[PDB]
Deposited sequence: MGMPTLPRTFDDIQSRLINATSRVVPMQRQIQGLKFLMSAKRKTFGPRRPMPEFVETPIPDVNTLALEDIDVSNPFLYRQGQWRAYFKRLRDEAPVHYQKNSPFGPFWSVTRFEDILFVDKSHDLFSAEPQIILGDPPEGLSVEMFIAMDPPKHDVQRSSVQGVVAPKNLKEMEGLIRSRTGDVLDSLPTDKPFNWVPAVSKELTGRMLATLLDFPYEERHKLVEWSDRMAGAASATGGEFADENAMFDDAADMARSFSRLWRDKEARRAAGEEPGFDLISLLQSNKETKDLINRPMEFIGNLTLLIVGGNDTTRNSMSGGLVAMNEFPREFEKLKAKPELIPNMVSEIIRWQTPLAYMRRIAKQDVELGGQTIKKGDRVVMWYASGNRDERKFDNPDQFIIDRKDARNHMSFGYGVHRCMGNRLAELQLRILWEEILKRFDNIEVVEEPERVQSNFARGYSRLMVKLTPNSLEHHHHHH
């Protein structure tokens, strides 16, 4: 009903404050995002942009203010979408990441068992084995792209395990997720073909339905239930009939794959980029390997794989000396908050023994705090544990290529030369 090409981004000092548009999906790639958000934090921490390709929106850029917006779901709704823009027509799917309580609470309870700490503990052998195997497969006499060989490879195996997806088809979960999460209308991503998105959403719905029916058929034949989400959903009375609720069914399954896809991937890659910019931290790590758990938090803080989550004001809200109007879109820029010097001293430095590194907001805060935070930290810890066993040095031999997006902060190309230890 009713009615992106890259260009050089100018110095933020050349702009009136009302003309700063941080929805530009090239701000991260071009390294301008730090100066743009710092100007916002300093002089417009609750900022209204009237004109953007996504329409008007508020930017909330200070750590303390983002906490308030994220935790106050009675003032700022997560519905109906948490990306800055809109999904293409015909591709809206309800996910509980874009739902307020109580309904958010009910839907998250039906899937949260898949990351139960007892289950993650039991899967450590498999994760570490996969993490050992891919690392042993990497060449040490020539450089290679770390993104497909390591980050995406380990991420895709993990996603397959989570759903018991056919392993040989796991590349499909990632390709579908990338196209869906990289919609030009939603995040300024490079996917602008609505035809391919319609084909993906149909292949994906058909694939999840086949997986559901194959699993119930295997369970009816006596196969013991497992750790995966489908086994868990078919073991609980509330969700044993979830296929008869297609919106809930597709919504929960797509959220799990999109939630863990480029987040895990870009956190695996981003640690190497941070180490490259701050090489003394790798010597500190080698001499004190017990720093790995805290370093994982510092990698996640420094990388902030998801730059923001978006809300809609449910009423007029006074915040930062401004009046957010009912209905306005409000963007909580985690990428800015994690660089806020009011919260972190020396915020742009990668400091692996930073004592308050675990207080980052890359997972958000409030009822929507990332459900897979422990799963992500676990894979990242194991990754660096297995790196230290094998490699005395790691070299980035080319400027990393960063992904076009205002939402995902990640890398498509990371060329790495490995040096084994003695």
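- Gaps without C-alpha coordinates occur at 1 to 44, 48 to 53, 473 to 480, with positions taken along the deposited sequence from 1.
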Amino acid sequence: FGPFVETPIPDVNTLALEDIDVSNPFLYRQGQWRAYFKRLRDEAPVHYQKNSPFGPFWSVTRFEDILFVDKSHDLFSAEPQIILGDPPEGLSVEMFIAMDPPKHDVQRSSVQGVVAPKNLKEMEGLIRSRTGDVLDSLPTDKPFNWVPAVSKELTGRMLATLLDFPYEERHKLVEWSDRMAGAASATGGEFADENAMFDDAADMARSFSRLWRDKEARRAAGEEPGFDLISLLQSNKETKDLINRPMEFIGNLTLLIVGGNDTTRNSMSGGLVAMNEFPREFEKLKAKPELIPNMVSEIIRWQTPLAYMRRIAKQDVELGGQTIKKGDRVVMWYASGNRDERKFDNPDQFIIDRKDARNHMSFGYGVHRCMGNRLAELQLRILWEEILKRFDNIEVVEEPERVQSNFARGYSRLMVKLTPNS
From here on, numbers count along this sequence of modelled residues.
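- Note on 392 to 400 vs 41 to 49: mean CA B-factor is higher in 392 to 400.
- As recorded in the PDB entry, 236 to 244 is the stretch of 141 to 149 and 236 to 244 with the greater mean C-alpha temperature factor.
- Highest C-alpha temperature factor among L306, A201, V114, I299, as the PDB entry reports it: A201.
- Annotation for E318, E341, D133, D105: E318 ranks highest, by Cα B-factor.
- When all modelled residues of the chain are sorted by CA temperature factor, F282 is found within the highest third.
- Annotation for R157: C-alpha temperature factor in the middle third relative to the rest of the modelled chain, per the entry.
- Sort the modelled residues of the chain by CA B factor and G125 lands in the middle third.
- In the deposited entry, the Cα temperature factor of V273 places it in the lowest third of its chain's modelled residues.
- Sorting the modelled residues of the chain by their CA temperature factor places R210 in the highest third.
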